[PDB]
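K.L.:
what follows is a protein structure lacking sequence information:
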């Protein structure tokens, strides 16, 4: 069945309460009480926090709470602590006797003040084009917290195929950097007026544009 | 809950068979289901399927053509086989318990997963392959700070890792080398970038030294500005 929709990124300061939504359909979240929530720290195994929509295993802090209204389940994290910075996934059993998962939410606990990313977009090099290939490279630096979404545009139309983007990691200053790649043929690169990299961070979007005519 | 221990070969070539095994410690199969789940480096979690100790299985509709699970009651082990793999199957594979129980007649509880194994990293590709290296000529994207960014694109290699130096190791300040992305090919690409002062461009030299030790590929690429 179809993945449950979660927000990509949620942030809060310590002491704050935050909510993470998880939207499905009649056949999973809607008509049943079959929703779970898991916390995933990098390299550690997933950890159960909530099952049957709202039951908490013993050993899970009571700061974690689950609920459901309609086709949308929600995980609330009260009194945010720095240890809560992780990826969070919902899941559900279904009326077709399967399990589906959510798309995942990165929770950031703001330990530092927000920092907007600097975006730098590289067009394909002449050397790559002579080799009958083309890669656009979008470099994202100097931002905090370390969560971004990246959208690519050909002219004004969305480009989905051939995109890969890294998970943000720390630079040697203490802010984050990430990177996104658009692979195209030389023909597709030449066949459009411009290509843009759109970087969305903490509710604002920075855009950069290159053109095969520059 | 229980403790799941899992193993199996994680380095595969296209068209081969993934075969992973999970062992139950601190409990038994009982009335429960036992499951395989994966996390591909881009995507979120995929439920692969489940099996109980009597051999009843339920599988993910998009994977069932290639997936079969088995159970060995005597050993307290269950297994995943996935045939004809491609790089689309590259992922961390976890086993876990799905301790569903009936409460009356219409009512299921503990519809969650809970005994998550530590994961097996599976990669799928054909052969060792060295990178293609291209320059990322300076773009000048901080006007306030009078700084530019320049770099090297290290493209289409397998397996990890790749190490990038600049100027044979003399240049480390302002260098940032990103984690690799995995492409749909099953090959990797990464980039390494230097933040430098704009006034240095065209007078200081910048050369990136790529060494992909898996394939004994070393490449030096000069990175110079496009246009003054």
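P.N.:
The structure has been received and is ready for your questions. Numbering: from 1, shown residues only, chains lettered A, B, ... in the order given.

K.L.:
now the farthest one out in chain A, which residue is it?
P.N.:
residue A:130 (34.8 Å; C-alpha atoms, centre = their mean).

K.L.:
what's in contact with stretch B:82-90?
P.N.:
If you take C-beta atoms under 8 Å, 6 or more residues apart in numbering or on different chains as the criterion, stretch B:82-90 is touched by B:12, B:14-18, B:38, B:40-41, B:48, B:63, B:66-67, B:122-125, B:182, B:184-186. From N, CA and C alone the C-beta is placed, and that goes for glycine too.

K.L.:
walk me through the domains of chain A.
P.N.:
A:9-109, A:118-210 (automatic domain parsing).

K.L.:
dump those domains to TSV, plus distance to chain B.
P.N.:
Formatted as TSV, the domains of chain A follow (distance: least, C-beta to the nearest C-beta, whole Å):
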stretch	distance to chain B
domain A:9-109	3
domain A:118-210	4
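
K.L.:
before we move on, back to that, ok, and which of the contacts of stretch B:82-90 reach chain A?
P.N.:
Taking C-beta under 8 Å from any C-beta of the partner chain as the test, chain A is in contact with B:182, B:184 out of these.

K.L.:
now the buried members of the contacts of stretch B:82-90.
P.N.:
For those, a neighbour count by 16 or more other C-beta atoms under 10 Å in any protein chain shown gives the buried set as B:12, B:18, B:38, B:40-41, B:48, B:63, B:66-67, B:122-125, B:182, B:186.

K.L.:
residue of chain B closest to chain A, please.
P.N.:
Here the residue of chain B nearest chain A is residue B:112; by C-beta to the nearest C-beta that distance is 3.4 Å.

K.L.:
that residue should be in a strand, yeah?
P.N.:
No: secondary structure of residue B:112, determined by DSSP: H, G, I helix; E, B strand; the rest coil: coil, with no strand assignment.

K.L.:
just checking, it touches residue A:51?
P.N.:
Yes: under the criterion of C-beta atoms under 8 Å, residue B:112 lies in contact with residue A:51, with a separation of 3.4 Å.

K.L.:
overlap of the contact sets of those two?
P.N.:
What both residue B:112 and residue A:51 touch, as defined by C-beta under 8 Å, 6+ apart, is the set residue A:36.

K.L.:
return the subset of the contacts of stretch B:82-90 lying in helices.
P.N.:
In helices, judged by DSSP state H, none of these are found.

K.L.:
whichever helix or strand residue B:151 is part of packs against which elements?
P.N.:
Counting by DSSP states H and E, the secondary-structure element that holds residue B:151 is strand B:147-157. Counting contacts by 3 or more C-beta pairs under 8 Å, 6 or more residues apart in numbering or on different chains; DSSP states H and E, strand B:147-157 packs against strand A:118-122, strand A:134-143, strand B:132-142, strand B:188-197, strand B:207-212.

K.L.:
could I get those strands as a markdown table with distance to residue B:32 and mean neighbour count?
P.N.:
Below are the helices and strands packed on strand B:147-157 laid out as a markdown table (distance: least, C-beta to C-beta, whole Å; neighbours: other C-beta atoms under 10 Å in any protein chain shown):
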| stretch | distance to residue B:32 | mean neighbour count |
| --- | --- | --- |
| strand A:118-122 | 49 | 23 |
| strand A:134-143 | 44 | 24 |
| strand B:132-142 | 50 | 20 |
| strand B:188-197 | 38 | 23 |
| strand B:207-212 | 45 | 22 |
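
K.L.:
would JSON lines of the ones you listed with distance to residue A:98 be doable?
P.N.:
JSON lines is the format used below for the helices and strands packed on strand B:147-157 (distance: least, C-beta to C-beta, whole Å):
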{"stretch": "strand A:118-122", "distance to residue A:98": "40"}
{"stretch": "strand A:134-143", "distance to residue A:98": "37"}
{"stretch": "strand B:132-142", "distance to residue A:98": "42"}
{"stretch": "strand B:188-197", "distance to residue A:98": "32"}
{"stretch": "strand B:207-212", "distance to residue A:98": "41"}
